[PDB]
$ cat run-v9.cif   # mmCIF, C-alpha atoms
data_coords
loop_
_atom_site.group_PDB
_atom_site.id
_atom_site.type_symbol
_atom_site.label_atom_id
_atom_site.label_comp_id
_atom_site.auth_asym_id
_atom_site.auth_seq_id
_atom_site.Cartn_x
_atom_site.Cartn_y
_atom_site.Cartn_z
ATOM 1 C CA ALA H 1 49.524 8.862 -24.832
ATOM 2 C CA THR H 2 51.880 6.925 -22.554
ATOM 3 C CA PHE H 3 51.059 3.501 -21.325
ATOM 4 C CA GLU H 4 53.241 2.137 -18.574
ATOM 5 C CA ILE H 5 53.172 -1.648 -18.793
ATOM 6 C CA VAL H 6 54.178 -3.323 -15.539
ATOM 7 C CA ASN H 7 54.798 -7.027 -14.966
ATOM 8 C CA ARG H 8 53.908 -7.929 -11.347
ATOM 9 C CA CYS H 9 53.755 -11.664 -12.178
ATOM 10 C CA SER H 10 56.376 -13.987 -10.652
ATOM 11 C CA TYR H 11 57.150 -15.203 -14.216
ATOM 12 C CA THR H 12 58.492 -13.421 -17.285
ATOM 13 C CA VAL H 13 55.968 -12.183 -19.857
ATOM 14 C CA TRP H 14 56.459 -10.674 -23.283
ATOM 15 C CA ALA H 15 54.164 -7.686 -23.535
ATOM 16 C CA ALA H 16 52.609 -6.948 -26.879
ATOM 17 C CA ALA H 17 50.867 -3.868 -28.273
ATOM 18 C CA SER H 18 49.108 -3.614 -31.657
ATOM 19 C CA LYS H 19 46.190 -2.095 -33.449
ATOM 20 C CA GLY H 20 45.778 -5.043 -35.682
ATOM 21 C CA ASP H 21 47.448 -3.896 -38.869
ATOM 22 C CA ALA H 22 50.470 -2.249 -37.164
ATOM 23 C CA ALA H 23 52.545 -2.228 -34.016
ATOM 24 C CA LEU H 24 52.033 0.360 -31.366
ATOM 25 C CA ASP H 25 55.524 1.720 -30.427
ATOM 26 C CA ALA H 26 58.026 -1.189 -30.638
ATOM 27 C CA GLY H 27 55.066 -3.586 -30.563
ATOM 28 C CA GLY H 28 56.606 -6.011 -28.087
ATOM 29 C CA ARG H 29 59.209 -6.553 -25.376
ATOM 30 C CA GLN H 30 60.314 -8.972 -22.631
ATOM 31 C CA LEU H 31 59.296 -7.955 -19.151
ATOM 32 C CA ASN H 32 60.914 -9.909 -16.341
ATOM 33 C CA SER H 33 59.066 -10.080 -12.976
ATOM 34 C CA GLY H 34 58.824 -6.530 -11.730
ATOM 35 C CA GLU H 35 59.919 -4.739 -14.866
ATOM 36 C CA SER H 36 58.087 -1.778 -16.433
ATOM 37 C CA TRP H 37 58.051 -0.763 -20.110
ATOM 38 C CA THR H 38 56.598 2.647 -21.061
ATOM 39 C CA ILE H 39 55.247 2.975 -24.595
ATOM 40 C CA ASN H 40 53.926 5.877 -26.582
ATOM 41 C CA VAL H 41 50.745 5.344 -28.504
ATOM 42 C CA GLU H 42 49.777 7.877 -31.224
ATOM 43 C CA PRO H 43 46.649 9.951 -30.309
ATOM 44 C CA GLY H 44 43.536 8.838 -32.263
ATOM 45 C CA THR H 45 44.629 5.192 -32.094
ATOM 46 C CA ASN H 46 41.462 3.255 -32.695
ATOM 47 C CA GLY H 47 41.037 -0.401 -31.635
ATOM 48 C CA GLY H 48 44.452 -0.731 -29.891
ATOM 49 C CA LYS H 49 45.216 -3.747 -27.786
ATOM 50 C CA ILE H 50 47.835 -4.681 -25.243
ATOM 51 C CA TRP H 51 48.330 -8.171 -23.931
ATOM 52 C CA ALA H 52 50.835 -10.508 -22.369
ATOM 53 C CA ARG H 53 52.501 -13.529 -23.950
ATOM 54 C CA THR H 54 53.837 -16.503 -21.957
ATOM 55 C CA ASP H 55 56.627 -19.115 -22.428
ATOM 56 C CA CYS H 56 58.227 -17.512 -25.485
ATOM 57 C CA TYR H 57 61.525 -18.255 -27.244
ATOM 58 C CA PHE H 58 62.912 -15.696 -29.616
ATOM 59 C CA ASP H 59 66.129 -15.990 -31.575
ATOM 60 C CA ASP H 60 68.661 -13.150 -32.239
ATOM 61 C CA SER H 61 66.532 -11.698 -35.104
ATOM 62 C CA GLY H 62 63.383 -11.691 -32.883
ATOM 63 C CA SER H 63 61.600 -14.654 -34.428
ATOM 64 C CA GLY H 64 60.205 -17.496 -32.407
ATOM 65 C CA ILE H 65 57.158 -18.698 -30.648
ATOM 66 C CA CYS H 66 54.878 -18.028 -27.651
ATOM 67 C CA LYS H 67 52.579 -20.523 -25.918
ATOM 68 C CA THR H 68 49.884 -17.866 -25.560
ATOM 69 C CA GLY H 69 49.344 -14.638 -27.449
ATOM 70 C CA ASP H 70 51.766 -15.386 -30.293
ATOM 71 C CA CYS H 71 51.471 -12.721 -32.987
ATOM 72 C CA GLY H 72 52.963 -14.531 -36.014
ATOM 73 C CA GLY H 73 56.183 -15.554 -34.148
ATOM 74 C CA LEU H 74 57.558 -11.992 -33.751
ATOM 75 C CA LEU H 75 58.999 -10.316 -30.602
ATOM 76 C CA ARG H 76 57.821 -7.030 -31.985
ATOM 77 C CA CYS H 77 54.115 -7.640 -32.710
ATOM 78 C CA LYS H 78 52.366 -6.129 -35.739
ATOM 79 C CA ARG H 79 49.045 -8.008 -35.492
ATOM 80 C CA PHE H 80 46.836 -9.413 -32.789
ATOM 81 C CA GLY H 81 47.887 -12.500 -30.822
ATOM 82 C CA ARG H 82 46.712 -16.084 -30.862
ATOM 83 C CA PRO H 83 44.108 -16.853 -28.137
ATOM 84 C CA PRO H 84 43.926 -17.342 -25.300
ATOM 85 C CA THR H 85 44.786 -13.725 -24.338
ATOM 86 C CA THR H 86 43.381 -11.408 -21.748
ATOM 87 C CA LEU H 87 43.078 -8.082 -23.616
ATOM 88 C CA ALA H 88 43.459 -4.453 -22.615
ATOM 89 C CA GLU H 89 41.488 -2.587 -25.311
ATOM 90 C CA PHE H 90 41.342 1.102 -26.052
ATOM 91 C CA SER H 91 40.364 3.715 -28.552
ATOM 92 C CA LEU H 92 41.912 7.152 -27.962
ATOM 93 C CA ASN H 93 40.617 10.683 -28.847
ATOM 94 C CA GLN H 94 37.330 9.485 -30.230
ATOM 95 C CA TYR H 95 35.260 12.642 -30.505
ATOM 96 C CA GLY H 96 37.027 14.123 -27.483
ATOM 97 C CA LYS H 97 37.148 10.978 -25.290
ATOM 98 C CA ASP H 98 39.181 7.857 -24.646
ATOM 99 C CA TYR H 99 37.534 4.450 -24.308
ATOM 100 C CA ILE H 100 39.040 1.571 -22.343
ATOM 101 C CA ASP H 101 38.006 -1.922 -21.346
ATOM 102 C CA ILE H 102 39.314 -5.449 -20.670
ATOM 103 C CA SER H 103 37.993 -8.325 -22.678
ATOM 104 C CA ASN H 104 37.801 -12.076 -22.191
ATOM 105 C CA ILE H 105 36.234 -12.569 -25.663
ATOM 106 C CA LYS H 106 39.548 -14.117 -26.846
ATOM 107 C CA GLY H 107 39.985 -16.109 -23.599
ATOM 108 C CA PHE H 108 42.239 -15.438 -20.599
ATOM 109 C CA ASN H 109 45.911 -16.095 -20.023
ATOM 110 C CA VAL H 110 47.206 -13.597 -17.449
ATOM 111 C CA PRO H 111 45.453 -11.436 -14.927
ATOM 112 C CA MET H 112 45.409 -7.737 -15.660
ATOM 113 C CA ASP H 113 44.504 -4.297 -14.358
ATOM 114 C CA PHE H 114 44.064 -1.448 -16.857
ATOM 115 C CA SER H 115 43.899 2.011 -15.129
ATOM 116 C CA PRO H 116 44.390 5.653 -16.103
ATOM 117 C CA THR H 117 47.266 7.446 -14.422
ATOM 118 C CA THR H 118 45.766 10.849 -15.071
ATOM 119 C CA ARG H 119 42.477 12.237 -13.566
ATOM 120 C CA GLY H 120 38.772 11.739 -14.302
ATOM 121 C CA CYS H 121 37.857 8.043 -14.624
ATOM 122 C CA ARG H 122 38.269 4.628 -12.945
ATOM 123 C CA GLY H 123 40.187 1.592 -14.144
ATOM 124 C CA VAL H 124 39.073 -1.958 -14.779
ATOM 125 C CA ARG H 125 40.458 -5.232 -13.534
ATOM 126 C CA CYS H 126 40.276 -8.869 -14.361
ATOM 127 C CA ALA H 127 42.461 -10.500 -11.733
ATOM 128 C CA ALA H 128 40.517 -13.629 -10.711
ATOM 129 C CA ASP H 129 42.147 -17.078 -11.128
ATOM 130 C CA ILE H 130 40.367 -17.991 -14.332
ATOM 131 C CA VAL H 131 43.084 -20.330 -15.551
ATOM 132 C CA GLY H 132 42.777 -22.517 -12.376
ATOM 133 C CA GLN H 133 38.947 -22.594 -12.373
ATOM 134 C CA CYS H 134 38.641 -22.923 -16.173
ATOM 135 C CA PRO H 135 35.903 -25.404 -17.349
ATOM 136 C CA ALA H 136 37.474 -28.607 -18.715
ATOM 137 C CA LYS H 137 36.499 -28.006 -22.347
ATOM 138 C CA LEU H 138 38.036 -24.515 -22.399
ATOM 139 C CA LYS H 139 41.416 -25.395 -20.907
ATOM 140 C CA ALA H 140 44.157 -24.671 -23.447
ATOM 141 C CA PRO H 141 46.729 -27.483 -23.397
ATOM 142 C CA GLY H 142 49.306 -24.855 -24.238
ATOM 143 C CA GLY H 143 48.402 -22.712 -21.127
ATOM 144 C CA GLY H 144 45.444 -20.437 -20.370
ATOM 145 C CA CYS H 145 41.633 -20.545 -20.854
ATOM 146 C CA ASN H 146 40.114 -20.360 -24.382
ATOM 147 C CA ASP H 147 36.887 -18.579 -25.160
ATOM 148 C CA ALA H 148 34.151 -20.804 -26.539
ATOM 149 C CA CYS H 149 34.303 -19.313 -30.072
ATOM 150 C CA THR H 150 37.935 -20.453 -30.414
ATOM 151 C CA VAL H 151 37.107 -23.963 -29.202
ATOM 152 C CA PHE H 152 33.782 -24.618 -30.959
ATOM 153 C CA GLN H 153 33.559 -22.187 -33.886
ATOM 154 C CA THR H 154 29.717 -21.860 -33.877
ATOM 155 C CA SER H 155 27.606 -18.809 -34.814
ATOM 156 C CA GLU H 156 26.240 -18.634 -31.279
ATOM 157 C CA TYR H 157 29.703 -18.396 -29.629
ATOM 158 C CA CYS H 158 31.245 -16.170 -32.340
ATOM 159 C CA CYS H 159 28.214 -13.905 -32.658
ATOM 160 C CA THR H 160 28.559 -14.140 -36.409
ATOM 161 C CA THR H 161 24.991 -13.062 -37.263
ATOM 162 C CA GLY H 162 25.033 -10.282 -34.712
ATOM 163 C CA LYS H 163 22.288 -11.922 -32.607
ATOM 164 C CA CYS H 164 23.886 -14.169 -29.910
ATOM 165 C CA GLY H 165 23.181 -14.275 -26.167
ATOM 166 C CA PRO H 166 25.048 -15.320 -23.026
ATOM 167 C CA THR H 167 26.102 -18.936 -22.803
ATOM 168 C CA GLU H 168 27.274 -21.331 -20.065
ATOM 169 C CA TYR H 169 30.869 -20.517 -21.146
ATOM 170 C CA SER H 170 30.511 -16.772 -21.329
ATOM 171 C CA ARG H 171 28.803 -16.888 -17.929
ATOM 172 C CA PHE H 172 31.897 -18.525 -16.460
ATOM 173 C CA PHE H 173 34.083 -15.600 -17.571
ATOM 174 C CA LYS H 174 31.470 -13.060 -16.359
ATOM 175 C CA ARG H 175 31.158 -14.709 -12.923
ATOM 176 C CA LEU H 176 34.933 -14.707 -12.393
ATOM 177 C CA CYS H 177 35.419 -11.193 -13.951
ATOM 178 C CA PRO H 178 32.267 -9.138 -13.973
ATOM 179 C CA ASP H 179 34.122 -6.076 -15.247
ATOM 180 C CA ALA H 180 35.468 -7.616 -18.465
ATOM 181 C CA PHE H 181 33.556 -8.433 -21.664
ATOM 182 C CA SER H 182 32.610 -12.100 -21.610
ATOM 183 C CA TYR H 183 31.032 -12.362 -25.090
ATOM 184 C CA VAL H 184 30.608 -9.995 -28.086
ATOM 185 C CA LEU H 185 27.239 -8.517 -27.094
ATOM 186 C CA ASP H 186 27.842 -8.460 -23.374
ATOM 187 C CA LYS H 187 26.496 -5.391 -21.610
ATOM 188 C CA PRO H 188 29.362 -2.889 -22.148
ATOM 189 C CA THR H 189 31.825 -2.454 -19.330
ATOM 190 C CA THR H 190 33.747 0.141 -21.303
ATOM 191 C CA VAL H 191 35.061 3.144 -19.326
ATOM 192 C CA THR H 192 34.924 6.635 -20.849
ATOM 193 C CA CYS H 193 38.024 8.693 -19.978
ATOM 194 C CA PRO H 194 39.098 12.270 -20.857
ATOM 195 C CA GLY H 195 40.704 12.433 -24.306
ATOM 196 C CA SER H 196 44.444 12.119 -24.114
ATOM 197 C CA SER H 197 44.592 10.350 -20.738
ATOM 198 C CA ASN H 198 47.635 8.219 -19.842
ATOM 199 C CA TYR H 199 47.503 4.637 -18.612
ATOM 200 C CA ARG H 200 49.077 1.773 -16.761
ATOM 201 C CA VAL H 201 48.536 -1.905 -17.662
ATOM 202 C CA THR H 202 49.630 -4.187 -14.840
ATOM 203 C CA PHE H 203 49.956 -7.935 -15.230
ATOM 204 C CA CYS H 204 49.101 -9.901 -12.021
ATOM 205 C CA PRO H 205 47.897 -6.798 -10.086
ATOM 206 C CA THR H 206 47.129 -8.773 -6.920
ATOM 207 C CA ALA H 207 49.077 -11.288 -4.726
#
$ encode --input "run-v9.cif" --output "structure tokens"
Amino acid sequence: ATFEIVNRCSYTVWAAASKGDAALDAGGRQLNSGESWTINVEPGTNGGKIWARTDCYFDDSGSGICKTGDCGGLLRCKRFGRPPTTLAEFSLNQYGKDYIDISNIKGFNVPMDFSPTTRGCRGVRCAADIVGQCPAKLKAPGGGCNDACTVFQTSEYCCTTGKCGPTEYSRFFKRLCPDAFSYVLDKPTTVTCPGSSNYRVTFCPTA
């Protein structure tokens, strides 16, 4: 499956793509404002994620640091990134279908649209200005908006026991971005696509 990753932000981002225990494709790359990076993701990829990282410095060997989304200080990510990170999430060829969604469960750093480029389903979008409206206690001093689990580490926010409900914090994400997951047991906003669809992830999809 091809994913075209497009940076429409006015700032540089460093895209990242991982399934948690491995990179997808090169796993990471700098995208200046306007650039596009097409990756190939193996069919059957389960629990893949794509995200953006901001204000990064990498040296010549591709080690450094990112203010949001850092995945162990590597340009080429092999694991998931440090919150806050808006997440494009997908599982491909799962009993004949693809599954896609956007999640705010690990916070928000950059707006995003995640859409198929082939026929038979709709995309999802989380493009509101969540960083600017972020509640005080969720603001990440390093940039972005943390989820409440990251900030407070309680069973209710982390949904440790499997029984949580919506909270004042998760309702903030859901009000700004109704089509993204706002907490673990949120009513699914996952989109079912034909197996083997292709996709575009766009950072900052709107002016």
$ resolve_selection --input "run-v9.cif" --expression "the PyMOL selection byres ((chain H and resi 21) around 10)" --output "PyMOL selection string"
chain H and resi 18-20+22-24+48+77-80
$ closest_residue --input "run-v9.cif" --among "H:117, H:7, H:54, H:91" --to "residue 143 (chain H)" --atoms "all atoms listed in the file"
H:54
$ atom_distance --input "run-v9.cif" --atom1 "CA of residue 129 (chain H)" --atom2 "CA of residue 157 (chain H)"
22.3 Å
$ resolve_selection --input "run-v9.cif" --expression "the PyMOL selection byres ((chain H and resi 96-103) around 10)" --output "number ranges by chain"
H: 43-51, 85-95, 104-108, 112-116, 122-126, 173, 177, 179-184, 188-199
$ write_last_selection --input "run-v9.cif" --atoms "C-alpha atoms" --output "compact mmCIF listing (two decimals), in the frame of the given file"
# COMPACT_ATOMS: atom_id res chain seq x y z
CA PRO H 43 46.65 9.95 -30.31
CA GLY H 44 43.54 8.84 -32.26
CA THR H 45 44.63 5.19 -32.09
CA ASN H 46 41.46 3.26 -32.70
CA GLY H 47 41.04 -0.40 -31.64
CA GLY H 48 44.45 -0.73 -29.89
CA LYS H 49 45.22 -3.75 -27.79
CA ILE H 50 47.84 -4.68 -25.24
CA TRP H 51 48.33 -8.17 -23.93
CA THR H 85 44.79 -13.72 -24.34
CA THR H 86 43.38 -11.41 -21.75
CA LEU H 87 43.08 -8.08 -23.62
CA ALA H 88 43.46 -4.45 -22.62
CA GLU H 89 41.49 -2.59 -25.31
CA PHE H 90 41.34 1.10 -26.05
CA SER H 91 40.36 3.72 -28.55
CA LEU H 92 41.91 7.15 -27.96
CA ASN H 93 40.62 10.68 -28.85
CA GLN H 94 37.33 9.48 -30.23
CA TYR H 95 35.26 12.64 -30.50
CA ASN H 104 37.80 -12.08 -22.19
CA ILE H 105 36.23 -12.57 -25.66
CA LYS H 106 39.55 -14.12 -26.85
CA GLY H 107 39.98 -16.11 -23.60
CA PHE H 108 42.24 -15.44 -20.60
CA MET H 112 45.41 -7.74 -15.66
CA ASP H 113 44.50 -4.30 -14.36
CA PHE H 114 44.06 -1.45 -16.86
CA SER H 115 43.90 2.01 -15.13
CA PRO H 116 44.39 5.65 -16.10
CA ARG H 122 38.27 4.63 -12.94
CA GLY H 123 40.19 1.59 -14.14
CA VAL H 124 39.07 -1.96 -14.78
CA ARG H 125 40.46 -5.23 -13.53
CA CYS H 126 40.28 -8.87 -14.36
CA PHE H 173 34.08 -15.60 -17.57
CA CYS H 177 35.42 -11.19 -13.95
CA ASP H 179 34.12 -6.08 -15.25
CA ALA H 180 35.47 -7.62 -18.46
CA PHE H 181 33.56 -8.43 -21.66
CA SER H 182 32.61 -12.10 -21.61
CA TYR H 183 31.03 -12.36 -25.09
CA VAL H 184 30.61 -9.99 -28.09
CA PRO H 188 29.36 -2.89 -22.15
CA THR H 189 31.82 -2.45 -19.33
CA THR H 190 33.75 0.14 -21.30
CA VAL H 191 35.06 3.14 -19.33
CA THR H 192 34.92 6.64 -20.85
CA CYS H 193 38.02 8.69 -19.98
CA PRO H 194 39.10 12.27 -20.86
CA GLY H 195 40.70 12.43 -24.31
CA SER H 196 44.44 12.12 -24.11
CA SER H 197 44.59 10.35 -20.74
CA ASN H 198 47.64 8.22 -19.84
CA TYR H 199 47.50 4.64 -18.61
$ atom_distance --input "run-v9.cif" --atom1 "CA of residue 111 (chain H)" --atom2 "CA of residue 158 (chain H)"
23.0 Å
$ decode --input "run-v9.cif" --residues "region 88-176 of chain H" --atoms "C-alpha atoms" --output "PDB file, in the first residue's frame"
ATOM      1  CA  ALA H  88      -2.945   8.515  11.739  1.00  0.00           C
ATOM      2  CA  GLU H  89      -3.687   4.862  12.595  1.00  0.00           C
ATOM      3  CA  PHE H  90      -4.329   1.945  10.302  1.00  0.00           C
ATOM      4  CA  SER H  91      -4.523  -1.787  10.029  1.00  0.00           C
ATOM      5  CA  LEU H  92      -4.358  -3.140   6.466  1.00  0.00           C
ATOM      6  CA  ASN H  93      -5.844  -6.355   4.922  1.00  0.00           C
ATOM      7  CA  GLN H  94      -7.600  -7.442   8.066  1.00  0.00           C
ATOM      8  CA  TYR H  95      -9.946 -10.172   6.895  1.00  0.00           C
ATOM      9  CA  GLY H  96     -10.342  -8.455   3.527  1.00  0.00           C
ATOM     10  CA  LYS H  97     -10.579  -4.829   4.756  1.00  0.00           C
ATOM     11  CA  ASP H  98      -8.457  -1.862   5.748  1.00  0.00           C
ATOM     12  CA  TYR H  99      -9.175   0.125   8.905  1.00  0.00           C
ATOM     13  CA  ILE H 100      -8.210   3.770   9.363  1.00  0.00           C
ATOM     14  CA  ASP H 101      -8.726   6.449  11.974  1.00  0.00           C
ATOM     15  CA  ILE H 102      -7.126   9.511  13.607  1.00  0.00           C
ATOM     16  CA  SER H 103      -6.528   9.532  17.307  1.00  0.00           C
ATOM     17  CA  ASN H 104      -6.027  12.216  19.931  1.00  0.00           C
ATOM     18  CA  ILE H 105      -5.478   9.595  22.683  1.00  0.00           C
ATOM     19  CA  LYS H 106      -1.756  10.556  22.739  1.00  0.00           C
ATOM     20  CA  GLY H 107      -2.535  14.302  22.474  1.00  0.00           C
ATOM     21  CA  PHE H 108      -2.319  16.641  19.472  1.00  0.00           C
ATOM     22  CA  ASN H 109       0.607  18.414  17.877  1.00  0.00           C
ATOM     23  CA  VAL H 110      -0.204  19.039  14.204  1.00  0.00           C
ATOM     24  CA  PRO H 111      -3.443  19.064  12.304  1.00  0.00           C
ATOM     25  CA  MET H 112      -4.005  16.172   9.949  1.00  0.00           C
ATOM     26  CA  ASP H 113      -6.239  14.712   7.261  1.00  0.00           C
ATOM     27  CA  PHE H 114      -6.043  10.969   6.549  1.00  0.00           C
ATOM     28  CA  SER H 115      -7.877   9.996   3.282  1.00  0.00           C
ATOM     29  CA  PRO H 116      -7.859   7.100   0.819  1.00  0.00           C
ATOM     30  CA  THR H 117      -6.738   7.924  -2.699  1.00  0.00           C
ATOM     31  CA  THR H 118      -8.482   4.910  -4.159  1.00  0.00           C
ATOM     32  CA  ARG H 119     -12.306   4.291  -4.259  1.00  0.00           C
ATOM     33  CA  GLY H 120     -14.901   3.125  -1.725  1.00  0.00           C
ATOM     34  CA  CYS H 121     -14.610   5.001   1.592  1.00  0.00           C
ATOM     35  CA  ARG H 122     -14.283   8.497   3.116  1.00  0.00           C
ATOM     36  CA  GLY H 123     -11.357  10.034   4.961  1.00  0.00           C
ATOM     37  CA  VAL H 124     -11.110  11.538   8.414  1.00  0.00           C
ATOM     38  CA  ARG H 125      -9.791  14.875   9.557  1.00  0.00           C
ATOM     39  CA  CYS H 126      -8.652  16.531  12.705  1.00  0.00           C
ATOM     40  CA  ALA H 127      -7.754  20.041  11.601  1.00  0.00           C
ATOM     41  CA  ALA H 128      -9.128  22.275  14.382  1.00  0.00           C
ATOM     42  CA  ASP H 129      -6.733  24.573  16.308  1.00  0.00           C
ATOM     43  CA  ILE H 130      -6.393  22.359  19.350  1.00  0.00           C
ATOM     44  CA  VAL H 131      -2.959  23.644  20.297  1.00  0.00           C
ATOM     45  CA  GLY H 132      -4.274  27.270  20.576  1.00  0.00           C
ATOM     46  CA  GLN H 133      -7.444  26.346  22.518  1.00  0.00           C
ATOM     47  CA  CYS H 134      -5.721  23.702  24.682  1.00  0.00           C
ATOM     48  CA  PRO H 135      -6.813  23.719  28.402  1.00  0.00           C
ATOM     49  CA  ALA H 136      -4.052  25.152  30.618  1.00  0.00           C
ATOM     50  CA  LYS H 137      -3.193  21.871  32.350  1.00  0.00           C
ATOM     51  CA  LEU H 138      -2.729  20.011  29.052  1.00  0.00           C
ATOM     52  CA  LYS H 139      -0.451  22.519  27.338  1.00  0.00           C
ATOM     53  CA  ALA H 140       2.925  20.904  26.639  1.00  0.00           C
ATOM     54  CA  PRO H 141       5.717  23.378  27.415  1.00  0.00           C
ATOM     55  CA  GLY H 142       7.649  21.756  24.606  1.00  0.00           C
ATOM     56  CA  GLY H 143       4.825  22.437  22.027  1.00  0.00           C
ATOM     57  CA  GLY H 144       1.438  20.794  21.459  1.00  0.00           C
ATOM     58  CA  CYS H 145      -1.466  19.539  23.642  1.00  0.00           C
ATOM     59  CA  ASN H 146      -1.012  16.458  25.899  1.00  0.00           C
ATOM     60  CA  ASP H 147      -3.737  13.938  26.544  1.00  0.00           C
ATOM     61  CA  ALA H 148      -4.788  13.645  30.169  1.00  0.00           C
ATOM     62  CA  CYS H 149      -3.256  10.159  30.646  1.00  0.00           C
ATOM     63  CA  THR H 150       0.212  11.558  29.853  1.00  0.00           C
ATOM     64  CA  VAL H 151      -0.237  14.457  32.275  1.00  0.00           C
ATOM     65  CA  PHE H 152      -1.968  12.742  35.213  1.00  0.00           C
ATOM     66  CA  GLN H 153      -1.277   9.007  34.902  1.00  0.00           C
ATOM     67  CA  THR H 154      -4.557   7.828  36.550  1.00  0.00           C
ATOM     68  CA  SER H 155      -6.580   4.671  35.786  1.00  0.00           C
ATOM     69  CA  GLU H 156      -9.525   6.793  34.682  1.00  0.00           C
ATOM     70  CA  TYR H 157      -7.526   8.729  32.032  1.00  0.00           C
ATOM     71  CA  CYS H 158      -5.425   5.732  30.900  1.00  0.00           C
ATOM     72  CA  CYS H 159      -8.334   3.291  30.877  1.00  0.00           C
ATOM     73  CA  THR H 160      -6.116   0.789  32.628  1.00  0.00           C
ATOM     74  CA  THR H 161      -8.919  -1.427  33.992  1.00  0.00           C
ATOM     75  CA  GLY H 162     -10.828  -1.316  30.740  1.00  0.00           C
ATOM     76  CA  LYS H 163     -13.768   0.562  32.316  1.00  0.00           C
ATOM     77  CA  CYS H 164     -13.244   4.363  31.923  1.00  0.00           C
ATOM     78  CA  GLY H 165     -15.676   6.983  30.603  1.00  0.00           C
ATOM     79  CA  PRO H 166     -15.439  10.414  28.987  1.00  0.00           C
ATOM     80  CA  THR H 167     -13.802  13.139  31.021  1.00  0.00           C
ATOM     81  CA  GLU H 168     -13.617  16.955  30.927  1.00  0.00           C
ATOM     82  CA  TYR H 169     -10.283  16.566  29.061  1.00  0.00           C
ATOM     83  CA  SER H 170     -11.392  13.966  26.572  1.00  0.00           C
ATOM     84  CA  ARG H 171     -14.483  16.087  25.914  1.00  0.00           C
ATOM     85  CA  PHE H 172     -12.248  18.986  24.907  1.00  0.00           C
ATOM     86  CA  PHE H 173     -10.580  16.877  22.199  1.00  0.00           C
ATOM     87  CA  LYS H 174     -13.971  15.486  21.055  1.00  0.00           C
ATOM     88  CA  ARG H 175     -15.550  18.961  20.818  1.00  0.00           C
ATOM     89  CA  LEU H 176     -12.674  20.308  18.710  1.00  0.00           C
TER      90      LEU H 176
END
